[PDB]
Structure formats: structure tokens, C-alpha cells
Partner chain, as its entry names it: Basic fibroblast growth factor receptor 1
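One chain is shown next in C-alpha cells, namely the form deposited without the partner chain.
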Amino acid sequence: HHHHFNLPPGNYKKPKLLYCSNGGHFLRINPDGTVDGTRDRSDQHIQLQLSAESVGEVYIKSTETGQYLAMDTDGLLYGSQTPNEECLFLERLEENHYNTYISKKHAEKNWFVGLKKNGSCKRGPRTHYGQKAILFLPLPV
């Protein structure tokens, strides 16, 4: 293991909005496969269904389009039509409150899912423990 194992509470029974405490944006997987953030709660591409593959390992899927959140070899988030190794994330509790998502494939490099204050996603190498960009709160839809 390259990381701790404090897990967040809550389950995967229903879809969620992944709210980023940094700028207040909700993670969005666009129909064209791009990933960013939006403050518009009415957006139809921010409803995400998480599922557990192994304890603490999850897929994050758009309920609207079926795409899986994934992080590519250069650290960019994208929407994948099919589940692959780039789609698995280590879901952990952070600062005794938030959920963080580390790329399983790049776990040794500490690459996280993160949103900047302007709504753009962070590239894996630019994320790290301690940032506000990596902190999320799963809100009901």
C-alpha cells in the first residue's frame, strides 16, 4: 500500500453529486468525454453513480451517459465508454470529513481527482496531499 486506509462513511446505494470544496463546483463528465466542473445543480451530467470493485476501490460513472471517470497516462481526466484500469480510484476519507479519489493506476505518484477554483480539472501531477482541490463531499441528487 502507498496510502492510508481511512474510509468514508456512506454507501453506493444511490447516485451522488461530487461537490468540490475548493471552488464549489460539481464534477461533470460531458457527453464528448471531457471532464470539468460546474456550479449549475441542474446540469444533467453531474449525477454520478459510484460502485465498489473492492473495498475502498471505486468506479465513478455518469448516470446520464454511462461513461466512467478515468485518468489517462498524462494525468488528464476523461470519460471512458468502457471500464478499464484507468477507471479505478481509491476512495478515502480526508481531513476527517471529505472524500478523496486517488488514481489506482498511478497511486504511487499520488495523482488525485481534483478541481480548481475556476472549474477546470487538475492534471494528476499537479495534485497532492494537502490541497483543497482534491476534497469532495458526496451530496444527494
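Numbering follows the first chain given and starts at 1.
Keep in mind that the form deposited with the partner chain bound is missing from the display, and what follows is about it.
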| property | result |
| --- | --- |
| Distance check, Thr73 to the partner chain in the bound PDB entry, heavy atom within 4.5 Å | no |
| Contact label in the bound PDB entry: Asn99 to the partner chain, heavy atom within 4.5 Å | yes |
| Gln81, heavy atom within 4.5 angstroms of the partner chain in the bound PDB entry | no |
| The partner chain contact at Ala107 in the bound PDB entry, heavy atom, 4.5 Å | no |
